[PDB]
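Here's the structure, in structure tokens; my notes come after.
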Amino acid sequence: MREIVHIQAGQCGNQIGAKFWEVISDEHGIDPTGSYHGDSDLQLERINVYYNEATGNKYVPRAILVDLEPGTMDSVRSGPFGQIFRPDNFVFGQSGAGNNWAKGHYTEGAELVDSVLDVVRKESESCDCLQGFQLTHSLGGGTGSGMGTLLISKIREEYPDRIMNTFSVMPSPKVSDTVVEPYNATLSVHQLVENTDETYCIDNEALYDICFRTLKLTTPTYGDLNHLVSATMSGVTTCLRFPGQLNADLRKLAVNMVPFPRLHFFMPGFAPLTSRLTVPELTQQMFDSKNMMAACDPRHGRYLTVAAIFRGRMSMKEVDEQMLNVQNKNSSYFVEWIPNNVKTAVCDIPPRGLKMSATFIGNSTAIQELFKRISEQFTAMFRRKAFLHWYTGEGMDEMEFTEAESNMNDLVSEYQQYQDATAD
Amino acid sequence: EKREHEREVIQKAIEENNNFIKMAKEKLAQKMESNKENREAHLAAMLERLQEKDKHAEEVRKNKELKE
Amino acid sequence: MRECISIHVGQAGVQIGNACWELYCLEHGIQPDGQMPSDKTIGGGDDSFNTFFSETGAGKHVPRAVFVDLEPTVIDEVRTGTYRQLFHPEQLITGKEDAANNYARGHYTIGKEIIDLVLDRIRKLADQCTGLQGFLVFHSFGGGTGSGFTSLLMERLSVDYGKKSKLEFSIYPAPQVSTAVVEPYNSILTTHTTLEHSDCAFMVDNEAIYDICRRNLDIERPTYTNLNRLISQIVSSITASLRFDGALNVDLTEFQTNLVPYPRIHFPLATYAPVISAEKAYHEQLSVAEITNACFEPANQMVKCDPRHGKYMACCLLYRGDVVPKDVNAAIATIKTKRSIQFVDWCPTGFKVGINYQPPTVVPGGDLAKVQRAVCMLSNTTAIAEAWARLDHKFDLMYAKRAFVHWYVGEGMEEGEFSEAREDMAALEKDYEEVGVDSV
Ligand SMILES: CC[C@H](C)[C@H](NC(=O)[C@H]1CCCCN1C)C(=O)N(CCCCC(C)C)[C@H](C[C@@H](O)c1nc(C(=O)N[C@@H](Cc2ccc(F)cc2)C[C@H](C)C(=O)O)cs1)C(C)C
Ligand SMILES: Nc1nc2c(ncn2[C@@H]2O[C@H](COP(=O)(O)OP(=O)(O)OP(=O)(O)O)[C@@H](O)[C@H]2O)c(=O)[nH]1
Ligand SMILES: Nc1nc2c(ncn2[C@@H]2O[C@H](COP(=O)(O)OP(=O)(O)O)[C@@H](O)[C@H]2O)c(=O)[nH]1
Ligand SMILES: [Ca+2]
Ligand SMILES: [Mg+2]
């Protein structure tokens, strides 16, 4: 089978990580004890992708739980679903993180790092045919950002020919008052553009604005944001978890979605947006700015590639007509020089609570808006050296901030380059 | 003279068939050798770049201990 | 004698494989366990069906076939399916990790780990043959295994089998069922690499088969099962010449002689009639003249292109079922009188015909009507070049930006192989232009 190995790092990573395992376990018919109580053989067919099989017919998530604070991993064990994970996969620190990337990447993270790799190594070695790795984390903190991207780099050394996948939560001032996050995020993108094959951009600015404006939650919680993150994560992993022809493993997805190796930052989308539709409506909502989990207007760039997953009992002829419709009517926003760059999958099994839904995965040049936002904030403080002593104190040079800034702005230029290109 | 020409024709047929097998075999050998060394070169550079990260990560930790 | 070994590479080749063998078993009266009650020579024989089926002492008739994929899922369905008893386990070869829609992984990286094993199993089939005619290779252009592994296999077969004939049934990619943005790259790469190694290749445009299913069988949104059952019928008509005998049966090699004027011009257009539903075929007898005339409607073609804007270099008609010479001769004389078919000036205006009396068969629970008679036309027309043109254009669009090329470069390929492959396709498009110009 094609196994994926999941890793969740830091507070954010472990919150969205935990909720990912809740949602997909419900879908595959796995209760918290790790037993199958479902009605369909399709739920088990590709269960090996995410779950190991244990003695007594049970199913264990292939998940590695990591943080420099010991507290978050207690709170993971607490909330039902928690006694499903493998006890020795929990790798905890002591000191805590401090929203310091240098701590996570160079000093405190490096000390813990080999204890994580040993668990990764044990999970990987008994895989029949390992696809690669899935990390969930935030880029604003210190552990998930610094130690997460160290983890990524250290896993590439030992598994250079496997796929490296991240769900990377981007910092917004609207969600977090921490001033140092532009540094943490910029340093993290410097790592991701070099060392990941495909990165889903979960943007907290987009998540908050959906919760405040569209969903009308006057004071949104972290749990309100993560209901949207878990919907996305279910949606974008649907093709990996059930049988089908299209983007059915991580490498095939990458080959369809990544035309140039640095340009692997995707812009997920989802309809219907909910809290706790017909196919034409689903199709329209998908390519509309309101439904995107990155704070980017797709009508400000062009799509290099697109994957559209429709879930539920619907007409496949109708889906084909509407996806053709949407490309005809929005032709300008799809680069002419990559033909047939929108792919469409249909999965009979819908998610929990909905009878049909759509998930969107776009490699859009408009994602530059996200990096420009982060780059403007970064440079707001870097031009006057603010809080650099936190990072210099751990041994980093002032030149590593410049190099990180410069590479992220190169990435923006490259998005603009392919935005402006033509067939001629 | 016609019997010598009949002989020459059947030898030509055999020779061209043998040359085709030969060139297919050489062209396929040089392609696979060229591919192997190309792919090893791409992975070597990948890991030699990851090893430069390990040299830099120890320079950062030693620069910390030179603030004591 | 004159045995043919069929090789089914990748998902498309394997699944078209299942439909073909299932169909052959029903045509020859062979059961899912391999027993054939009508065959009184137990253990062997040189009846026409023995070109495609060997025989065990236990009465079992075994396909002369290897199934290869770099991935176990599709062949596992064959291993445990209705026809598992038909195949020896050694004929069904699988790897672990597929080529990920990358020619480079099929040809070089993943493919090289299984190529020597595959030749071994092919050799075991070849060594059972008293007079091996050649090979039939089934594969997609678009997939990484279908493109990349098939190429490697073809190169190696030319080395290990000299000039034994090698025919292709190649699945040409369509947007309605494609699963890869890089399919144009893989199509150009495999066509270039295989061109010198293939004697005759039948392209099957998935868009054409998709339309025929929608238009003629009233199927709303056709699946691979729908497409494959129709493809099987066309493949069955082409191989029918080899698998049956009869006074008016012309062998596939004779059609090949007329179909291939120059080695690189070896891509015949197949047209098939009638493709009709049971509901429409009720109280409707389609005559020889009717089904022959349907071969010149481009809606019934296996490749979307227009022969009315091109020139014929050959026209072959393979009839099966209740068809007699008088009717065929009259029908072709009508085609002549009416014209509607220009040949190039350097080619005789002939129509090479065969007839096998065994009528078409259908698989249970299928869409096709069982008809009394059918025909497959094989033509060599300059219009087939349109298919290359469409694909070469998509190639250029992406390659000018080097889109996706890093996936191929990362597995050891150079940009040189891309531009070399595209130059050969440019040269092929010029060849079809040159052969259509009138002589001085
Ligand atoms: C004025 C403080 C409020 C509480 C805070 N707002 C702000 O900081 C504003 C005001 C200044 C201008 C901009 N900032 C963002 C706020 O509402 N926050 C950020 C909390 C910062 C936390 C401190 C320690 C740095 C929200 C998150 C906050 O409301 C919390 N949610 C949860 C929460 O989601 N708890 C769930 C469990 C959980 C615990 C911890 C987690 F990390 C995640 C989930 C369970 C609940 C019942 C649920 O299902 O929603 C715990 S704290 C953001 C989404 C904007
Ligand atoms: N007609 C037909 N086409 C198919 C079938 N399966 C796949 N295809 C087509 O073949 C192409 C995809 O290639 P596959 O044959 O699935 O790929 P593969 O050879 O298995 O290669 P990898 O999966 O990359 O190892 C697309 O153009 C599909 O539309 C089938 O059963 N019938
Ligand atoms: N969407 C979301 N964002 C979070 C969550 N927890 C923290 N964050 C964000 O993550 C960043 C801080 O990362 P955190 O995970 O707390 O840092 P760590 O201690 O280094 O793992 C800030 O931008 C927070 O707004 C969460 O549960 N959901
Ligand atoms: Ca016999
Ligand atoms: Mg395959």
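Chain identifiers are assigned as A, B, and so on, following the order in which chains appear in the structure tokens; residues are numbered from 1 within each chain, and ligands are numbered from 1 in order of appearance.
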
| field | Residues near residue 150 (chain A), cut-off 12 Å, only C-alpha atoms, skip fewer than 3 positions along chain, as a VMD selection string | value | (chain A and resid 9 101 to 114 116 to 117 135 142 to 147 153 to 157 187 to 188 190 to 192 195 to 196) or (chain B and resid 50 53 to 54 57)

Near region 61-64 of chain B, counting only C-alpha atoms, which residues have an atom at most 9 Å away, once you skip same-chain residues fewer than 5 positions from it, shown as a short mmCIF file (atom, residue, chain, number, x, y, z; two decimals) with N, CA and C atoms, in the first residue's frame?
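Generated output (out.cif):
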data_model
loop_
_atom_site.label_atom_id
_atom_site.label_comp_id
_atom_site.auth_asym_id
_atom_site.auth_seq_id
_atom_site.Cartn_x
_atom_site.Cartn_y
_atom_site.Cartn_z
N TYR A 106 17.54 25.98 15.64
CA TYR A 106 18.96 25.85 15.94
C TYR A 106 19.30 25.28 17.31
N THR A 107 18.67 25.78 18.37
CA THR A 107 19.06 25.43 19.75
C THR A 107 18.11 24.40 20.40
N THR A 392 19.73 36.85 17.23
CA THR A 392 21.18 36.97 17.33
C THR A 392 21.69 36.29 18.60
N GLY A 393 20.94 36.44 19.69
CA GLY A 393 21.22 35.76 20.95
C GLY A 393 21.40 34.26 20.86
N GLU A 394 20.64 33.61 19.97
CA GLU A 394 20.77 32.16 19.71
C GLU A 394 21.88 31.80 18.70
N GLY A 395 22.49 32.81 18.08
CA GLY A 395 23.66 32.64 17.20
C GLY A 395 23.45 32.94 15.72
N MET A 396 22.22 33.32 15.34
CA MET A 396 21.93 33.68 13.96
C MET A 396 22.60 34.99 13.59
N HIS B 56 26.28 24.97 8.66
CA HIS B 56 25.76 26.28 9.08
C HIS B 56 25.03 26.22 10.44
#

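Those protein and nucleic acid residues that have any atom within 9 Å of ligand 1 are, using only C-alpha atoms and all ligand atoms, residues 11, 12, 14, 15, 16, 72, 75, 172, 173, 174, 175, 176, 177, 178, 204, 207, 208, 219, 220, 221, 222, 223, 224, 225, 226 and 227 of chain A.
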
| task | Tell me the residues of chain C close to chain B, meaning within 7 Å using only C-alpha atoms, as a PyMOL selection string. | result | chain C and resi 108+155+158-159+162+410-413

| task | Using DSSP on the backbone coordinates, identify the residues of region 25-200 of chain A assigned to strand (DSSP E or B); present them as a ChimeraX atom specification. | result | /A:30,36,51-53,59-61,63-67,90-92,129-138,163-170,198-200

Restricted to N, CA, C and O atoms, what would the selected residues look like written as a short mmCIF file (atom, residue, chain, number, x, y, z; two decimals), in the first residue's frame?
data_model
loop_
_atom_site.label_atom_id
_atom_site.label_comp_id
_atom_site.auth_asym_id
_atom_site.auth_seq_id
_atom_site.Cartn_x
_atom_site.Cartn_y
_atom_site.Cartn_z
N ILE A 30 -13.94 4.87 12.04
CA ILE A 30 -13.08 4.49 13.16
C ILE A 30 -13.52 5.30 14.39
O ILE A 30 -13.58 6.53 14.34
N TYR A 36 -13.24 -0.61 13.74
CA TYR A 36 -14.09 -0.30 12.59
C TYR A 36 -15.57 -0.60 12.90
O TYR A 36 -15.93 -1.75 13.16
N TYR A 51 -3.70 4.91 8.37
CA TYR A 51 -3.75 4.07 9.57
C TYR A 51 -2.89 2.80 9.48
O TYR A 51 -2.95 2.09 8.47
N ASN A 52 -2.11 2.52 10.52
CA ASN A 52 -1.50 1.19 10.70
C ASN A 52 -2.53 0.20 11.22
O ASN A 52 -3.48 0.58 11.91
N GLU A 53 -2.34 -1.07 10.88
CA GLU A 53 -3.21 -2.14 11.35
C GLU A 53 -2.52 -2.79 12.55
O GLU A 53 -1.34 -3.14 12.48
N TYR A 59 -7.02 -0.21 14.41
CA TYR A 59 -6.39 0.72 13.48
C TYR A 59 -5.79 1.91 14.22
O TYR A 59 -6.51 2.61 14.94
N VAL A 60 -4.49 2.12 14.04
CA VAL A 60 -3.74 3.18 14.73
C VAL A 60 -3.29 4.22 13.71
O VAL A 60 -2.71 3.86 12.69
N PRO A 61 -3.57 5.51 13.97
CA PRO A 61 -3.01 6.57 13.14
C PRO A 61 -1.49 6.54 13.04
O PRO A 61 -0.82 6.30 14.03
N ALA A 63 0.84 8.74 13.06
CA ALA A 63 0.94 10.13 13.48
C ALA A 63 2.02 10.29 14.54
O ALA A 63 2.10 9.49 15.46
N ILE A 64 2.85 11.33 14.39
CA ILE A 64 3.91 11.63 15.35
C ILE A 64 3.61 12.99 15.96
O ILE A 64 3.52 13.99 15.26
N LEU A 65 3.47 13.02 17.29
CA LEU A 65 3.02 14.19 18.04
C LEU A 65 4.24 14.88 18.65
O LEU A 65 4.96 14.28 19.44
N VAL A 66 4.47 16.15 18.29
CA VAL A 66 5.69 16.88 18.68
C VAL A 66 5.37 18.29 19.19
O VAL A 66 4.51 18.97 18.64
N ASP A 67 6.07 18.70 20.25
CA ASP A 67 6.04 20.09 20.74
C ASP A 67 7.14 20.27 21.79
O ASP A 67 7.51 19.32 22.47
N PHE A 90 4.40 10.07 21.05
CA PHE A 90 4.38 11.38 21.71
C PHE A 90 5.80 11.77 22.10
O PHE A 90 6.37 11.17 23.01
N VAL A 91 6.36 12.77 21.43
CA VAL A 91 7.71 13.27 21.73
C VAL A 91 7.60 14.71 22.23
O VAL A 91 7.34 15.62 21.45
N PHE A 92 7.82 14.89 23.54
CA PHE A 92 7.60 16.18 24.22
C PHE A 92 8.92 16.81 24.68
O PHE A 92 9.87 16.10 25.00
N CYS A 129 5.21 0.52 1.14
CA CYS A 129 5.65 1.48 0.12
C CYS A 129 5.29 2.93 0.53
O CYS A 129 4.22 3.43 0.21
N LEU A 130 6.19 3.57 1.27
CA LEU A 130 6.01 4.94 1.79
C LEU A 130 5.90 6.00 0.68
O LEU A 130 6.84 6.16 -0.10
N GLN A 131 4.77 6.72 0.64
CA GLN A 131 4.60 7.88 -0.26
C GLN A 131 5.48 9.03 0.17
O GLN A 131 6.16 9.65 -0.65
N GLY A 132 5.43 9.33 1.46
CA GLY A 132 6.15 10.45 2.04
C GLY A 132 5.46 10.99 3.28
O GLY A 132 4.76 10.27 3.98
N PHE A 133 5.65 12.30 3.51
CA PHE A 133 5.39 12.92 4.81
C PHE A 133 4.46 14.11 4.75
O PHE A 133 4.52 14.91 3.82
N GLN A 134 3.62 14.22 5.78
CA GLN A 134 2.62 15.26 5.91
C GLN A 134 2.84 15.96 7.26
O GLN A 134 2.62 15.34 8.29
N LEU A 135 3.30 17.21 7.24
CA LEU A 135 3.50 17.99 8.47
C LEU A 135 2.43 19.06 8.61
O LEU A 135 2.18 19.78 7.66
N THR A 136 1.84 19.18 9.80
CA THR A 136 0.95 20.31 10.11
C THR A 136 1.59 21.21 11.14
O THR A 136 2.09 20.74 12.16
N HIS A 137 1.56 22.51 10.87
CA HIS A 137 2.23 23.49 11.72
C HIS A 137 1.80 24.92 11.38
O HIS A 137 1.13 25.15 10.36
N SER A 138 2.17 25.86 12.25
CA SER A 138 2.03 27.28 11.99
C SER A 138 3.41 27.86 11.74
O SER A 138 4.41 27.31 12.20
N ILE A 163 7.87 12.24 -0.92
CA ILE A 163 7.17 13.52 -1.04
C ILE A 163 7.05 14.20 0.32
O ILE A 163 6.64 13.58 1.30
N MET A 164 7.39 15.49 0.36
CA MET A 164 7.25 16.31 1.56
C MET A 164 6.08 17.30 1.41
O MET A 164 6.15 18.25 0.62
N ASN A 165 5.03 17.05 2.18
CA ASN A 165 3.76 17.79 2.14
C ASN A 165 3.58 18.57 3.46
O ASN A 165 3.78 18.00 4.53
N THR A 166 3.22 19.86 3.40
CA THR A 166 2.87 20.62 4.61
C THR A 166 1.51 21.31 4.53
O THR A 166 1.06 21.72 3.46
N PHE A 167 0.86 21.42 5.68
CA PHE A 167 -0.25 22.33 5.88
C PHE A 167 0.34 23.41 6.78
O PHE A 167 0.59 23.16 7.96
N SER A 168 0.58 24.59 6.21
CA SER A 168 1.30 25.67 6.89
C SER A 168 0.37 26.84 7.19
O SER A 168 -0.10 27.53 6.28
N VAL A 169 0.10 27.07 8.48
CA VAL A 169 -0.80 28.13 8.91
C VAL A 169 -0.05 29.47 8.99
O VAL A 169 0.93 29.60 9.72
N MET A 170 -0.53 30.45 8.22
CA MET A 170 0.14 31.75 8.08
C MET A 170 -0.36 32.74 9.13
O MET A 170 -1.55 32.77 9.42
N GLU A 198 5.10 20.27 -1.87
CA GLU A 198 3.75 20.86 -1.95
C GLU A 198 3.31 21.39 -0.58
O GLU A 198 3.34 20.67 0.40
N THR A 199 2.91 22.66 -0.53
CA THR A 199 2.51 23.31 0.73
C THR A 199 1.13 23.97 0.57
O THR A 199 0.96 24.87 -0.26
N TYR A 200 0.17 23.50 1.35
CA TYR A 200 -1.14 24.13 1.43
C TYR A 200 -1.05 25.36 2.33
O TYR A 200 -0.64 25.25 3.49
#

Tell me, counting only C-alpha atoms and all ligand atoms, for each residue of chain C within 7 Å of ligand 2, which pair of atoms is nearest and how far apart they are in Å to one decimal, in rows ordered by chain and increasing number, as JSON lines.
{"residue": "C:9", "atom": "CA", "partner": "ligand 2", "partner_atom_place_in_ligand_line": "19 (O)", "distance": 6.4}
{"residue": "C:10", "atom": "CA", "partner": "ligand 2", "partner_atom_place_in_ligand_line": "19 (O)", "distance": 3.5}
{"residue": "C:11", "atom": "CA", "partner": "ligand 2", "partner_atom_place_in_ligand_line": "20 (O)", "distance": 4.0}
{"residue": "C:12", "atom": "CA", "partner": "ligand 2", "partner_atom_place_in_ligand_line": "5 (C)", "distance": 3.6}
{"residue": "C:13", "atom": "CA", "partner": "ligand 2", "partner_atom_place_in_ligand_line": "15 (O)", "distance": 6.4}
{"residue": "C:15", "atom": "CA", "partner": "ligand 2", "partner_atom_place_in_ligand_line": "31 (O)", "distance": 4.7}
{"residue": "C:16", "atom": "CA", "partner": "ligand 2", "partner_atom_place_in_ligand_line": "31 (O)", "distance": 5.8}
{"residue": "C:69", "atom": "CA", "partner": "ligand 2", "partner_atom_place_in_ligand_line": "20 (O)", "distance": 6.4}
{"residue": "C:70", "atom": "CA", "partner": "ligand 2", "partner_atom_place_in_ligand_line": "25 (O)", "distance": 5.8}
{"residue": "C:71", "atom": "CA", "partner": "ligand 2", "partner_atom_place_in_ligand_line": "25 (O)", "distance": 6.8}
{"residue": "C:98", "atom": "CA", "partner": "ligand 2", "partner_atom_place_in_ligand_line": "25 (O)", "distance": 4.0}
{"residue": "C:99", "atom": "CA", "partner": "ligand 2", "partner_atom_place_in_ligand_line": "25 (O)", "distance": 3.7}
{"residue": "C:100", "atom": "CA", "partner": "ligand 2", "partner_atom_place_in_ligand_line": "24 (O)", "distance": 4.0}
{"residue": "C:101", "atom": "CA", "partner": "ligand 2", "partner_atom_place_in_ligand_line": "24 (O)", "distance": 3.4}
{"residue": "C:102", "atom": "CA", "partner": "ligand 2", "partner_atom_place_in_ligand_line": "24 (O)", "distance": 5.8}
{"residue": "C:106", "atom": "CA", "partner": "ligand 2", "partner_atom_place_in_ligand_line": "25 (O)", "distance": 6.7}
{"residue": "C:139", "atom": "CA", "partner": "ligand 2", "partner_atom_place_in_ligand_line": "15 (O)", "distance": 6.4}
{"residue": "C:140", "atom": "CA", "partner": "ligand 2", "partner_atom_place_in_ligand_line": "10 (O)", "distance": 4.8}
{"residue": "C:141", "atom": "CA", "partner": "ligand 2", "partner_atom_place_in_ligand_line": "11 (C)", "distance": 6.6}
{"residue": "C:142", "atom": "CA", "partner": "ligand 2", "partner_atom_place_in_ligand_line": "11 (C)", "distance": 4.5}
{"residue": "C:143", "atom": "CA", "partner": "ligand 2", "partner_atom_place_in_ligand_line": "13 (O)", "distance": 3.2}
{"residue": "C:144", "atom": "CA", "partner": "ligand 2", "partner_atom_place_in_ligand_line": "24 (O)", "distance": 3.5}
{"residue": "C:145", "atom": "CA", "partner": "ligand 2", "partner_atom_place_in_ligand_line": "21 (O)", "distance": 3.8}
{"residue": "C:146", "atom": "CA", "partner": "ligand 2", "partner_atom_place_in_ligand_line": "19 (O)", "distance": 3.5}
{"residue": "C:147", "atom": "CA", "partner": "ligand 2", "partner_atom_place_in_ligand_line": "19 (O)", "distance": 6.6}
{"residue": "C:171", "atom": "CA", "partner": "ligand 2", "partner_atom_place_in_ligand_line": "1 (N)", "distance": 6.1}
{"residue": "C:172", "atom": "CA", "partner": "ligand 2", "partner_atom_place_in_ligand_line": "27 (O)", "distance": 6.5}
{"residue": "C:173", "atom": "CA", "partner": "ligand 2", "partner_atom_place_in_ligand_line": "27 (O)", "distance": 4.0}
{"residue": "C:174", "atom": "CA", "partner": "ligand 2", "partner_atom_place_in_ligand_line": "27 (O)", "distance": 6.1}
{"residue": "C:177", "atom": "CA", "partner": "ligand 2", "partner_atom_place_in_ligand_line": "29 (O)", "distance": 4.4}
{"residue": "C:178", "atom": "CA", "partner": "ligand 2", "partner_atom_place_in_ligand_line": "29 (O)", "distance": 4.1}
{"residue": "C:179", "atom": "CA", "partner": "ligand 2", "partner_atom_place_in_ligand_line": "26 (C)", "distance": 5.7}
{"residue": "C:183", "atom": "CA", "partner": "ligand 2", "partner_atom_place_in_ligand_line": "27 (O)", "distance": 6.9}
{"residue": "C:206", "atom": "CA", "partner": "ligand 2", "partner_atom_place_in_ligand_line": "1 (N)", "distance": 5.7}
{"residue": "C:224", "atom": "CA", "partner": "ligand 2", "partner_atom_place_in_ligand_line": "31 (O)", "distance": 4.7}
{"residue": "C:225", "atom": "CA", "partner": "ligand 2", "partner_atom_place_in_ligand_line": "31 (O)", "distance": 6.8}
{"residue": "C:227", "atom": "CA", "partner": "ligand 2", "partner_atom_place_in_ligand_line": "1 (N)", "distance": 5.6}
{"residue": "C:228", "atom": "CA", "partner": "ligand 2", "partner_atom_place_in_ligand_line": "32 (N)", "distance": 5.5}

Go ahead and save the residues from that selection, with C-alpha atoms, as a compact mmCIF listing (two decimals), in the first residue's frame.
# COMPACT_ATOMS: atom_id res chain seq x y z
CA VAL C 9 1.52 -2.37 -20.24
CA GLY C 10 0.10 -0.01 -17.59
CA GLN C 11 -3.50 0.58 -16.46
CA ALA C 12 -4.94 1.34 -19.92
CA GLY C 13 -3.17 -1.59 -21.58
CA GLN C 15 -7.84 -3.00 -18.69
CA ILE C 16 -8.18 -2.99 -22.47
CA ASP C 69 2.29 -2.60 -14.57
CA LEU C 70 4.61 -0.81 -12.09
CA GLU C 71 1.82 -0.94 -9.51
CA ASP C 98 4.17 3.47 -10.23
CA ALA C 99 5.74 5.92 -12.71
CA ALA C 100 3.64 8.87 -11.42
CA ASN C 101 2.62 10.01 -14.92
CA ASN C 102 6.33 10.53 -15.73
CA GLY C 106 8.74 4.37 -16.55
CA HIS C 139 -0.44 0.85 -23.70
CA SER C 140 -1.43 4.48 -23.14
CA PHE C 141 0.56 7.40 -24.49
CA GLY C 142 -0.28 9.50 -21.41
CA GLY C 143 0.69 7.42 -18.39
CA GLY C 144 4.27 7.08 -17.18
CA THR C 145 4.33 3.28 -17.52
CA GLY C 146 2.33 3.19 -20.77
CA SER C 147 4.72 5.71 -22.30
CA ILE C 171 -4.35 4.98 -26.32
CA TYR C 172 -4.22 8.65 -27.31
CA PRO C 173 -5.14 11.08 -24.52
CA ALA C 174 -8.41 13.02 -24.19
CA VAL C 177 -10.76 11.18 -19.01
CA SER C 178 -7.12 12.35 -18.69
CA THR C 179 -5.37 12.33 -15.30
CA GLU C 183 0.38 13.70 -21.04
CA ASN C 206 -10.18 8.36 -26.17
CA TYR C 224 -13.42 3.17 -18.89
CA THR C 225 -15.64 0.06 -18.89
CA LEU C 227 -14.79 2.82 -23.63
CA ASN C 228 -12.98 -0.50 -23.23

| said: Select, as a ChimeraX atom specification, those residues of chain A with any atom no more than 10 Å from chain C (distances computed using only C-alpha atoms). | reply: /A:1-2,128-131,245-261,304-305,315-318,320,336-345,418,421-424

Return as a short mmCIF file (atom, residue, chain, number, x, y, z; two decimals) with C-alpha atoms, in the first residue's frame the residues of protein, DNA or RNA that approach ligand 4 to within 7 Å, with only C-alpha atoms and all ligand atoms taken into account.
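Contents of out.cif, as written:
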data_model
loop_
_atom_site.label_atom_id
_atom_site.label_comp_id
_atom_site.auth_asym_id
_atom_site.auth_seq_id
_atom_site.Cartn_x
_atom_site.Cartn_y
_atom_site.Cartn_z
CA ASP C 39 -11.62 -28.43 -29.35
CA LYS C 40 -10.95 -32.18 -29.81
CA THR C 41 -7.13 -31.88 -29.93
CA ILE C 42 -6.13 -31.84 -26.23
CA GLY C 43 -2.63 -30.53 -25.28
CA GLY C 44 -1.91 -28.54 -28.44
CA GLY C 45 -2.81 -28.03 -32.12
CA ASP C 47 -5.94 -24.29 -35.31
CA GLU C 55 -2.88 -25.36 -24.47
#

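Omitting residue 297 (chain A) and its sequence neighbours fewer than 3 positions away, and counting only C-alpha atoms, the residues within 7 Å are residues 289, 300 and 366 of chain A.
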
Expected file: the selected residues, C-alpha atoms, as a JSON list (two decimals), in the first residue's frame:
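Final file, part.json:
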[["chain", "number", "residue", "atom", "x", "y", "z"],
["A", 289, "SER", "CA", -12.47, 34.96, -3.42],
["A", 300, "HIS", "CA", -5.75, 39.35, -9.39],
["A", 366, "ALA", "CA", -2.28, 35.67, -6.86]]

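In terms of minimum interatomic distance to ligand 5, C:68 ranks closest within C:378, C:19, C:200, C:68, counting only C-alpha atoms and all ligand atoms.
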
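Ranking C:54, C:374, C:235, C:359 by their shortest atom-to-atom distance to residue 295 (chain C), with only C-alpha atoms included, puts C:374 first.
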
| said: Taking only C-alpha atoms and all ligand atoms into account, name the residue in C:232, C:237, C:187, C:94 that is nearest to ligand 5. | reply: C:94

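Ranking A:348, A:369, A:158, A:125 by their shortest atom-to-atom distance to chain B, with only C-alpha atoms included, puts A:158 first.
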
| Residue among A:328, A:389, A:307, A:276 lying closest to chain B, counting only C-alpha atoms | A:389

| task | Extract, using only C-alpha atoms, all DNA, RNA and protein residues at most 10 Å from residue 416 (chain A), discarding same-chain residues fewer than 4 positions from it, and format them as a ChimeraX atom specification. | result | /A:301-302,365-366,368,410-412,420-421

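The list of residues with at least one atom within 12 Å of residue 383 (chain A), based on only C-alpha atoms and without residues fewer than 5 positions apart in the same chain, reads residues 375, 376, 377, 378, 388, 398, 401, 402 and 405 of chain A.
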
Those selected residues, please, written with N, CA, C and O atoms and delivered as a short mmCIF file (atom, residue, chain, number, x, y, z; two decimals), in the first residue's frame.
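Contents of the output file result29.cif:
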data_model
loop_
_atom_site.label_atom_id
_atom_site.label_comp_id
_atom_site.auth_asym_id
_atom_site.auth_seq_id
_atom_site.Cartn_x
_atom_site.Cartn_y
_atom_site.Cartn_z
N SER A 375 5.75 40.01 3.73
CA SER A 375 6.99 40.76 3.43
C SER A 375 6.95 42.24 3.83
O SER A 375 8.00 42.80 4.18
N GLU A 376 5.78 42.87 3.77
CA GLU A 376 5.63 44.27 4.19
C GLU A 376 5.77 44.40 5.71
O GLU A 376 6.40 45.33 6.21
N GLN A 377 5.18 43.45 6.43
CA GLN A 377 5.26 43.39 7.89
C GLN A 377 6.69 43.09 8.35
O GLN A 377 7.21 43.77 9.25
N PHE A 378 7.32 42.09 7.73
CA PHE A 378 8.73 41.75 7.98
C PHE A 378 9.60 42.99 7.87
O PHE A 378 10.33 43.31 8.80
N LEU A 388 15.64 41.90 17.00
CA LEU A 388 16.65 41.00 16.42
C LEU A 388 17.48 40.27 17.47
O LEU A 388 17.89 39.13 17.24
N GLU A 398 22.68 38.53 11.11
CA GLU A 398 21.74 39.47 10.50
C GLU A 398 21.58 39.21 8.99
O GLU A 398 20.60 39.66 8.38
N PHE A 401 18.50 36.85 7.84
CA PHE A 401 17.24 37.58 7.69
C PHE A 401 17.14 38.23 6.30
O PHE A 401 16.07 38.22 5.68
N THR A 402 18.25 38.80 5.83
CA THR A 402 18.33 39.37 4.49
C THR A 402 18.11 38.30 3.41
O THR A 402 17.32 38.51 2.49
N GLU A 405 14.48 37.16 3.43
CA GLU A 405 13.68 38.22 2.81
C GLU A 405 13.81 38.19 1.29
O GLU A 405 12.81 38.23 0.58
#
